[PDB]
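Text of input33.cif, listed as mmCIF, C-alpha atoms and all ligand atoms:
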```cif
data_final
loop_
_atom_site.group_PDB
_atom_site.id
_atom_site.type_symbol
_atom_site.label_atom_id
_atom_site.label_comp_id
_atom_site.auth_asym_id
_atom_site.auth_seq_id
_atom_site.Cartn_x
_atom_site.Cartn_y
_atom_site.Cartn_z
ATOM 1 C CA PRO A 1 0.000 0.000 0.000
ATOM 2 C CA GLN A 2 0.893 3.708 -0.230
ATOM 3 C CA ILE A 3 0.120 5.299 3.138
ATOM 4 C CA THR A 4 -0.558 9.040 3.428
ATOM 5 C CA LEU A 5 0.778 11.139 6.312
ATOM 6 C CA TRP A 6 -2.179 13.527 6.469
ATOM 7 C CA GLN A 7 -3.087 11.402 9.474
ATOM 8 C CA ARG A 8 -1.148 9.121 11.755
ATOM 9 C CA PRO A 9 -0.227 5.929 9.869
ATOM 10 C CA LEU A 10 -1.994 3.470 12.134
ATOM 11 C CA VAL A 11 -2.185 -0.231 11.347
ATOM 12 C CA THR A 12 -3.549 -3.262 13.090
ATOM 13 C CA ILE A 13 -1.107 -5.978 14.018
ATOM 14 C CA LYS A 14 -1.358 -9.507 15.364
ATOM 15 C CA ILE A 15 1.075 -10.547 18.058
ATOM 16 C CA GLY A 16 0.815 -13.149 20.807
ATOM 17 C CA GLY A 17 -2.536 -14.142 19.387
ATOM 18 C CA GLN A 18 -3.555 -10.553 20.204
ATOM 19 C CA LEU A 19 -4.692 -7.816 17.818
ATOM 20 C CA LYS A 20 -3.308 -4.332 18.489
ATOM 21 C CA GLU A 21 -3.302 -0.910 16.845
ATOM 22 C CA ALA A 22 0.116 0.582 16.148
ATOM 23 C CA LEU A 23 1.797 3.606 14.566
ATOM 24 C CA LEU A 24 4.224 3.055 11.671
ATOM 25 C CA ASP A 25 7.133 5.062 13.058
ATOM 26 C CA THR A 26 10.359 5.680 11.101
ATOM 27 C CA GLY A 27 11.716 7.588 14.104
ATOM 28 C CA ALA A 28 11.628 4.535 16.360
ATOM 29 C CA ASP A 29 14.643 2.274 16.038
ATOM 30 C CA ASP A 30 12.648 -0.566 17.550
ATOM 31 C CA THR A 31 9.028 -1.607 18.022
ATOM 32 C CA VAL A 32 7.517 -0.578 21.369
ATOM 33 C CA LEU A 33 4.218 -1.880 22.739
ATOM 34 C CA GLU A 34 2.197 -1.426 25.922
ATOM 35 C CA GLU A 35 2.428 -4.060 28.664
ATOM 36 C CA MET A 36 1.667 -7.542 27.436
ATOM 37 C CA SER A 37 2.969 -11.083 27.819
ATOM 38 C CA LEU A 38 5.380 -12.561 25.282
ATOM 39 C CA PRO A 39 7.116 -15.941 25.176
ATOM 40 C CA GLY A 40 10.781 -16.623 25.715
ATOM 41 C CA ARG A 41 13.698 -14.758 27.116
ATOM 42 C CA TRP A 42 14.019 -11.030 27.519
ATOM 43 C CA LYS A 43 16.354 -8.418 28.935
ATOM 44 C CA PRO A 44 15.832 -4.996 30.485
ATOM 45 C CA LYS A 45 16.478 -1.806 28.509
ATOM 46 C CA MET A 46 15.832 1.892 28.966
ATOM 47 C CA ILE A 47 14.448 3.872 26.023
ATOM 48 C CA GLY A 48 13.860 7.568 25.859
ATOM 49 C CA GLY A 49 12.555 10.574 24.014
ATOM 50 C CA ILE A 50 10.848 13.848 24.696
ATOM 51 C CA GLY A 51 9.749 13.709 28.300
ATOM 52 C CA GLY A 52 12.392 11.280 29.365
ATOM 53 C CA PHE A 53 12.985 7.554 29.606
ATOM 54 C CA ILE A 54 11.052 4.411 30.397
ATOM 55 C CA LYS A 55 12.153 0.884 31.219
ATOM 56 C CA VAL A 56 11.130 -1.883 28.857
ATOM 57 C CA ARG A 57 11.582 -5.612 28.402
ATOM 58 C CA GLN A 58 13.345 -6.530 25.172
ATOM 59 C CA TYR A 59 12.122 -9.711 23.490
ATOM 60 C CA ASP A 60 13.830 -10.955 20.333
ATOM 61 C CA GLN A 61 12.691 -13.156 17.437
ATOM 62 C CA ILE A 62 9.024 -12.375 17.928
ATOM 63 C CA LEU A 63 6.552 -13.212 15.198
ATOM 64 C CA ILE A 64 4.329 -10.342 14.162
ATOM 65 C CA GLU A 65 1.784 -9.958 11.394
ATOM 66 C CA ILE A 66 1.300 -6.532 9.863
ATOM 67 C CA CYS A 67 -0.836 -5.764 6.831
ATOM 68 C CA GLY A 68 -0.884 -9.448 5.988
ATOM 69 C CA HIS A 69 2.884 -9.538 6.157
ATOM 70 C CA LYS A 70 4.601 -11.843 8.658
ATOM 71 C CA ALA A 71 7.769 -10.440 10.122
ATOM 72 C CA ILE A 72 10.196 -11.519 12.814
ATOM 73 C CA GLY A 73 11.943 -9.044 15.072
ATOM 74 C CA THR A 74 12.559 -7.375 18.415
ATOM 75 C CA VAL A 75 9.668 -6.088 20.518
ATOM 76 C CA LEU A 76 10.150 -3.707 23.431
ATOM 77 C CA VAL A 77 7.423 -4.043 26.030
ATOM 78 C CA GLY A 78 6.654 -1.459 28.709
ATOM 79 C CA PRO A 79 4.673 1.565 29.772
ATOM 80 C CA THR A 80 4.662 3.437 26.479
ATOM 81 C CA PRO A 81 1.851 5.912 25.807
ATOM 82 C CA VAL A 82 1.814 4.920 22.082
ATOM 83 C CA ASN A 83 2.324 1.531 20.419
ATOM 84 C CA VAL A 84 4.742 1.888 17.546
ATOM 85 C CA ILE A 85 6.206 -0.311 14.870
ATOM 86 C CA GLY A 86 9.879 0.642 14.513
ATOM 87 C CA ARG A 87 12.389 0.411 11.692
ATOM 88 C CA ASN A 88 13.518 -3.003 12.986
ATOM 89 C CA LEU A 89 10.274 -4.470 11.654
ATOM 90 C CA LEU A 90 9.391 -1.943 8.945
ATOM 91 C CA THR A 91 12.383 -3.134 6.960
ATOM 92 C CA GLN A 92 11.128 -6.723 7.023
ATOM 93 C CA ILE A 93 7.921 -5.757 5.284
ATOM 94 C CA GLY A 94 9.837 -3.699 2.734
ATOM 95 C CA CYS A 95 8.575 -0.348 3.967
ATOM 96 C CA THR A 96 10.172 2.754 2.510
ATOM 97 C CA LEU A 97 9.860 6.536 2.677
ATOM 98 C CA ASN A 98 9.047 8.142 -0.692
ATOM 99 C CA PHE A 99 8.818 11.720 -1.996
ATOM 100 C CA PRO B 1 13.704 9.816 -3.493
ATOM 101 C CA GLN B 2 13.188 6.377 -1.956
ATOM 102 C CA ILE B 3 14.607 5.884 1.542
ATOM 103 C CA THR B 4 14.955 2.441 3.130
ATOM 104 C CA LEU B 5 14.931 1.950 6.912
ATOM 105 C CA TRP B 6 17.936 -0.230 7.676
ATOM 106 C CA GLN B 7 19.581 2.908 9.043
ATOM 107 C CA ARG B 8 17.966 5.996 10.592
ATOM 108 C CA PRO B 9 16.494 8.188 7.838
ATOM 109 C CA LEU B 10 18.695 11.197 8.589
ATOM 110 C CA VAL B 11 18.643 13.968 5.962
ATOM 111 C CA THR B 12 20.075 17.449 5.603
ATOM 112 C CA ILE B 13 17.726 20.355 6.241
ATOM 113 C CA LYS B 14 18.283 24.100 5.874
ATOM 114 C CA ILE B 15 16.656 26.552 8.232
ATOM 115 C CA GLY B 16 17.704 30.090 9.000
ATOM 116 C CA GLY B 17 20.388 29.718 6.330
ATOM 117 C CA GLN B 18 22.122 26.916 8.236
ATOM 118 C CA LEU B 19 22.477 23.224 7.415
ATOM 119 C CA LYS B 20 21.424 20.714 10.051
ATOM 120 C CA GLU B 21 20.854 16.971 10.251
ATOM 121 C CA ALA B 22 17.342 15.788 11.023
ATOM 122 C CA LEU B 23 15.426 12.506 11.336
ATOM 123 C CA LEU B 24 12.413 11.782 9.141
ATOM 124 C CA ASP B 25 9.943 10.684 11.814
ATOM 125 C CA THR B 26 6.461 9.463 10.757
ATOM 126 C CA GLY B 27 5.671 8.963 14.448
ATOM 127 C CA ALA B 28 6.024 12.691 15.087
ATOM 128 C CA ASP B 29 2.884 14.715 14.396
ATOM 129 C CA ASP B 30 4.958 17.881 14.341
ATOM 130 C CA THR B 31 8.451 19.161 13.592
ATOM 131 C CA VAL B 32 10.711 19.648 16.568
ATOM 132 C CA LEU B 33 14.245 21.035 16.389
ATOM 133 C CA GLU B 34 16.963 21.676 18.931
ATOM 134 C CA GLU B 35 17.202 25.064 20.616
ATOM 135 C CA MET B 36 17.840 27.723 17.995
ATOM 136 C CA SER B 37 16.857 31.243 17.038
ATOM 137 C CA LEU B 38 13.868 31.794 14.754
ATOM 138 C CA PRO B 39 12.156 35.042 13.700
ATOM 139 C CA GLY B 40 8.929 36.449 15.032
ATOM 140 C CA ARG B 41 6.697 35.644 17.944
ATOM 141 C CA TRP B 42 6.168 32.153 19.302
ATOM 142 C CA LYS B 43 3.249 30.434 21.011
ATOM 143 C CA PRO B 44 3.179 27.715 23.678
ATOM 144 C CA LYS B 45 2.704 24.079 22.781
ATOM 145 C CA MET B 46 2.690 20.830 24.750
ATOM 146 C CA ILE B 47 3.920 17.715 22.988
ATOM 147 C CA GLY B 48 3.833 14.180 24.308
ATOM 148 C CA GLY B 49 6.764 11.846 24.027
ATOM 149 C CA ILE B 50 7.554 8.462 25.473
ATOM 150 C CA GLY B 51 8.394 9.782 28.944
ATOM 151 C CA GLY B 52 5.729 12.454 29.188
ATOM 152 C CA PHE B 53 4.521 15.845 27.933
ATOM 153 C CA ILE B 54 6.700 18.915 27.777
ATOM 154 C CA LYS B 55 6.262 22.521 26.681
ATOM 155 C CA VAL B 56 8.007 23.707 23.531
ATOM 156 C CA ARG B 57 8.062 26.935 21.494
ATOM 157 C CA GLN B 58 5.886 27.106 18.376
ATOM 158 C CA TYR B 59 6.860 29.234 15.374
ATOM 159 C CA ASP B 60 4.547 29.452 12.348
ATOM 160 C CA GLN B 61 5.167 29.968 8.622
ATOM 161 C CA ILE B 62 8.901 29.291 8.892
ATOM 162 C CA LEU B 63 10.824 28.515 5.765
ATOM 163 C CA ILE B 64 12.640 25.180 5.877
ATOM 164 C CA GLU B 65 14.147 22.951 3.204
ATOM 165 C CA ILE B 66 14.167 19.150 3.585
ATOM 166 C CA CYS B 67 16.584 17.312 1.322
ATOM 167 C CA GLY B 68 16.402 20.333 -0.940
ATOM 168 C CA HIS B 69 12.573 20.424 -1.060
ATOM 169 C CA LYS B 70 11.248 23.824 0.002
ATOM 170 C CA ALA B 71 8.604 24.042 2.726
ATOM 171 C CA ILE B 72 7.051 26.735 4.962
ATOM 172 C CA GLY B 73 5.205 25.684 8.076
ATOM 173 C CA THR B 74 5.191 25.259 11.794
ATOM 174 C CA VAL B 75 8.464 24.511 13.557
ATOM 175 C CA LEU B 76 8.639 23.666 17.261
ATOM 176 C CA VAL B 77 11.780 24.367 19.321
ATOM 177 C CA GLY B 78 12.725 22.423 22.424
ATOM 178 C CA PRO B 79 14.783 19.708 24.114
ATOM 179 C CA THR B 80 14.247 16.988 21.566
ATOM 180 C CA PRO B 81 16.599 14.005 21.536
ATOM 181 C CA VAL B 82 17.256 14.754 17.851
ATOM 182 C CA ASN B 83 15.883 17.122 15.206
ATOM 183 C CA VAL B 84 12.745 15.470 13.864
ATOM 184 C CA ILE B 85 10.756 16.204 10.717
ATOM 185 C CA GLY B 86 7.185 15.178 11.492
ATOM 186 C CA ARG B 87 4.046 14.654 9.453
ATOM 187 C CA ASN B 88 3.226 18.349 9.080
ATOM 188 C CA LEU B 89 6.262 18.861 6.816
ATOM 189 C CA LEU B 90 6.502 15.310 5.501
ATOM 190 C CA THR B 91 3.027 15.800 3.970
ATOM 191 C CA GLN B 92 4.096 19.134 2.529
ATOM 192 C CA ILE B 93 6.948 17.617 0.585
ATOM 193 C CA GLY B 94 4.768 14.757 -0.616
ATOM 194 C CA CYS B 95 6.239 11.986 1.524
ATOM 195 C CA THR B 96 4.413 8.682 1.914
ATOM 196 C CA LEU B 97 5.095 5.245 3.400
ATOM 197 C CA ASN B 98 5.090 2.415 0.852
ATOM 198 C CA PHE B 99 5.272 -1.371 1.007
HETATM 199 N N1 LIG C 101 4.426 15.735 18.531
HETATM 200 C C1 LIG C 101 5.640 15.542 17.988
HETATM 201 O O1 LIG C 101 5.957 16.078 16.940
HETATM 202 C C2 LIG C 101 6.635 14.637 18.678
HETATM 203 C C3 LIG C 101 6.194 13.689 19.631
HETATM 204 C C4 LIG C 101 7.175 12.856 20.240
HETATM 205 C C5 LIG C 101 8.542 12.955 19.892
HETATM 206 S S1 LIG C 101 9.731 11.869 20.677
HETATM 207 O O2 LIG C 101 10.879 12.735 20.887
HETATM 208 O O3 LIG C 101 9.001 11.107 21.666
HETATM 209 N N2 LIG C 101 10.054 10.888 19.305
HETATM 210 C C6 LIG C 101 11.252 11.209 18.483
HETATM 211 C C7 LIG C 101 12.484 10.362 18.776
HETATM 212 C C8 LIG C 101 12.712 9.893 20.085
HETATM 213 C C9 LIG C 101 13.881 9.111 20.301
HETATM 214 C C10 LIG C 101 14.769 8.813 19.225
HETATM 215 C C11 LIG C 101 14.534 9.289 17.908
HETATM 216 C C12 LIG C 101 13.379 10.088 17.705
HETATM 217 C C13 LIG C 101 9.042 9.800 19.045
HETATM 218 C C14 LIG C 101 8.385 9.933 17.645
HETATM 219 N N3 LIG C 101 8.839 8.790 16.834
HETATM 220 C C15 LIG C 101 9.908 8.025 17.542
HETATM 221 C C16 LIG C 101 9.758 8.386 19.035
HETATM 222 N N4 LIG C 101 8.847 7.421 19.748
HETATM 223 C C17 LIG C 101 7.523 6.924 19.333
HETATM 224 C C18 LIG C 101 6.405 7.915 19.664
HETATM 225 C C19 LIG C 101 6.340 8.542 20.951
HETATM 226 C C20 LIG C 101 5.280 9.466 21.211
HETATM 227 C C21 LIG C 101 4.276 9.758 20.242
HETATM 228 C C22 LIG C 101 4.338 9.136 18.960
HETATM 229 C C23 LIG C 101 5.413 8.239 18.683
HETATM 230 S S2 LIG C 101 9.433 6.905 21.248
HETATM 231 O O4 LIG C 101 8.364 6.108 21.903
HETATM 232 O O5 LIG C 101 9.857 8.107 21.953
HETATM 233 C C24 LIG C 101 10.777 5.813 21.006
HETATM 234 C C25 LIG C 101 12.088 6.242 21.402
HETATM 235 C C26 LIG C 101 13.212 5.384 21.209
HETATM 236 C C27 LIG C 101 13.027 4.096 20.645
HETATM 237 C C28 LIG C 101 14.140 3.151 20.471
HETATM 238 N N5 LIG C 101 15.272 3.333 21.163
HETATM 239 O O6 LIG C 101 13.999 2.207 19.715
HETATM 240 C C29 LIG C 101 11.717 3.643 20.251
HETATM 241 C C30 LIG C 101 10.611 4.525 20.426
HETATM 242 C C31 LIG C 101 8.963 13.925 18.944
HETATM 243 C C32 LIG C 101 7.991 14.751 18.333
HETATM 244 CL CL CL C 102 5.321 28.777 27.799
HETATM 245 CL CL CL C 103 2.675 23.144 9.240
#
```
Now, as a test, write the supplied structure out as structure tokens.
Amino acid sequence: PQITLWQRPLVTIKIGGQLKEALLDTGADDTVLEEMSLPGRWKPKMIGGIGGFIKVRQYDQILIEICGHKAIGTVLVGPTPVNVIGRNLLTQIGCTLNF
Amino acid sequence: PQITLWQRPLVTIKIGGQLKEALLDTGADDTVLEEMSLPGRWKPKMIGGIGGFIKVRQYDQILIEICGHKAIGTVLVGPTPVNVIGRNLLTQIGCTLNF
């Protein structure tokens, strides 16, 4: 698809058997989602932006489906105010910026 | 152009006659630059990042070039982790997300 930026580029995703709304965010190095359970190992990380930092759990090799595409990547889980899909997974679906 | 996301989408901008590096951020609603001088009067604005909301300075109808494409719009000034070019100017230069 070609997605306009007149509005926030929100997509639905499936992860953990769960459906979630998320922002396609080229500014985010990694995908960050609100508190949820995920399988496997993880490690603690601090991520930050305007307003400061939050602590997240970093899970790797997580299966996610996005716009009918299945991708594998890192998911940061923690108290974010906005779920975003970061570059780490946008590359896997072949997403590019164009003007 | 077409910009992939394996690396941060950093581009050169020109504002106030000076060159600066900035991140193309489709997660940012607005355009937020590091502390700098801009002409005219400003207005207060609160923007929300991952660690919370903060006040920044809002300047309207400011000329700014993004990768050589000329724009004129709202530029916010404040303690942003990096210069970000948000949807208000990305739409202006005709930028979309594609996959
Ligand atoms: N309103 C506006 O214009 C606005 C809002 C908010 C900001 S921000 O400063 O917060 N900012 C830019 C940013 C921050 C840090 C590095 C490079 C660029 C966010 C916008 N897109 C990416 C950022 N994030 C997603 C987000 C947060 C809030 C609203 C919408 C989207 S995030 O959750 O901070 C995050 C941080 C870091 C990582 C990581 N390390 O992977 C992942 C995620 C700027 C502008
Ligand atoms: Cl103020
Ligand atoms: Cl604008």
Report, as AutoDock Vina command-line options, the centre and edge lengths in Å (one decimal) of the axis-aligned box enclosing every listed atom of ligand LIG 101 (chain C), padded by 5 Å on each side.
```
--center_x 9.8 --center_y 9.1 --center_z 19.4 --size_x 21.0 --size_y 23.9 --size_z 15.1
```
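Residues selected in this file by the PyMOL selection byres (((chain A and resi 2) around 8) and not hetatm) comprise residues 1, 3 and 4 of chain A; 96, 97, 98 and 99 of chain B.
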Inset, instruction - Just the residues within 9 Å of residue 53 in chain B, please, counting all atoms listed in the file, with nothing from its chain fewer than 5 positions along; format it as a PyMOL selection string. - result: (chain A and resi 50-51) or (chain B and resi 46-48)
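Nearest to residue 90 in chain B of all the residues B:24, B:36, B:11, B:56 is B:24, based on all atoms listed in the file.
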Inset, instruction - Report as a PyMOL selection string the set of chain A residues whose atoms approach chain B to within 12 Å, with distances computed over only C-alpha atoms. - result: chain A and resi 1-10+22-34+46-56+66-69+78-99
Inset, instruction - Select, from B:19, B:77, B:72, B:38, the residue with the minimum atom-to-atom distance to residue 57 in chain B, counting all atoms listed in the file. - result: B:77
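We find CA of residue 15 in chain A and atom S2 of ligand LIG 101 (chain C) to be spaced 19.6 Å apart.
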Inset, instruction - Please identify all polymer residues within 9 Å of residue 58 in chain B, counting only C-alpha atoms, omitting same-chain residues fewer than 4 positions from it, and present them as a count of residues only. - result: 9
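Taking atom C25 of ligand LIG 101 (chain C) and CA of residue 39 in chain B as endpoints, the distance between them is 29.8 Å.
Superposing chain A onto chain B by least squares over all C-alpha atoms, paired in sequence order, gives an RMSD of 0.8 Å.
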